[PDB]
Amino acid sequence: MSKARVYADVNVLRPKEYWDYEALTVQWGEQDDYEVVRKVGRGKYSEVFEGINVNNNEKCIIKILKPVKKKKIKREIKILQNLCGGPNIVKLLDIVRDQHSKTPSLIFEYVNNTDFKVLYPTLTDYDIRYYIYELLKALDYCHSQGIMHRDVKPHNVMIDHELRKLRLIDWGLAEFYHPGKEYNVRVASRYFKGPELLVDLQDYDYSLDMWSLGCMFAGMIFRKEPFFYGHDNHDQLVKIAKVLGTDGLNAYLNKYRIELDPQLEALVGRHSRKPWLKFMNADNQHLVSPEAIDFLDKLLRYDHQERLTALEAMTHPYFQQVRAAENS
């Protein structure tokens, strides 16, 4: 068995009105109300464009979905709606469809984002602490709302560096947390998939997002994106092993009576643990202080139960300057 150490009973105490998303009746707005201005991206699940709200003439983001199941789409909507107003949670503005094909589009707020590939390398020590902090506020909030994002990665963190505004986007994999429930482990992106997913542990929780966050954090301070560069689910676990070491992996597996798949256990092999400092270099030295290391260390743990919760992370001393600045 395995349950979240915090916010475990959020959905238990809330009525079906909150988490029974398959009972959602979508209210569609007017598509014409939003016009395309330029494509900003694409993914396996949609095509994204910078749009404009003809009425108020305000900038927006138009996400044109590719064929998806009604269940999956009512889940993203129900969740978006559930989290609206939360700290740094992207706001869902409208939901429309194409009469002819029924193709749906989710209209979100616009964020003048700067590609992480280019943005992150310019971030200062303080910028990093600041943005991670903002992102943590979003995670604690949704976790406190009985929700797991399940796909934390740079690509889903929009940042308007100019205005230092951050938003956690793409809640297309998010789920409501139910104690003991077994979820699909086919979530998140490879480079940010936690061990629980890599070893099929299905009764995972909010903590999976913290491993992802840790991956993002390590890449940022060590200036190595992505930090864990594997090519398939099995090789992802091998890269993780060559760093944290296999003893930790074994104890983890043993604690959860989990048996690895033969071929997989074959690839992993046996690896000593590599100190976090073995990743320091002239390119990232101005970013790897002990606090940054202590913090990273408490995020990237095999046992998801051992990882810091979002609330705990926000209070780590690494963020003290950000906290002191805010409380002013």
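Residues carry their position along the shown sequence, with the first being 1.
**Student:** Return whichever of 219-227 and 142-150 has the greater mean Cα B factor according to the PDB record.
**Tutor:** It is 219-227 that shows the higher mean C-alpha B-factor.
**Student:** For the stretches 123-131 and 189-197, which has the higher mean C-alpha B-factor as given in the deposited record?
**Tutor:** It is 189-197.
**Student:** Hey, out of 105, 156, 112, 101, whose CA B-factor is highest in the deposited coordinates?
**Tutor:** Across 105, 156, 112, 101, the entry lists the biggest C-alpha B-factor for 101.
**Student:** Among 266, 300, 293, 62, where is the Cα B factor highest in this entry?
**Tutor:** Highest C-alpha B-factor among the listed options: 266.
**Student:** Taking the values exactly as deposited, rank residue 244 by C-alpha B-factor within its chain and report the matching third: lowest, middle or highest.
**Tutor:** It falls in the middle third of the chain.
**Student:** Relative to the other modelled residues of the same chain, rank the CA B-factor of residue 203 and answer lowest, middle or highest third.
**Tutor:** For residue 203, the deposited C-alpha B-factor lands in the middle third.
**Student:** Considering every modelled residue of the chain and its Cα B-factor in the PDB entry, is residue 17 in the lowest, middle or highest third?
**Tutor:** Answer is highest: the recorded C-alpha B-factor places it there.
**Student:** Sort the modelled residues of this chain by their C-alpha B factor and say whether residue 282 lands in the lowest, middle or highest third.
**Tutor:** Its C-alpha B-factor, which the entry lists for residue 282, ranks in the highest third among residues of this chain.
**Student:** Just say lowest, middle or highest third for the CA B-factor of residue 256 relative to the other modelled residues in its chain.
**Tutor:** CA B-factor rank for residue 256: highest third.
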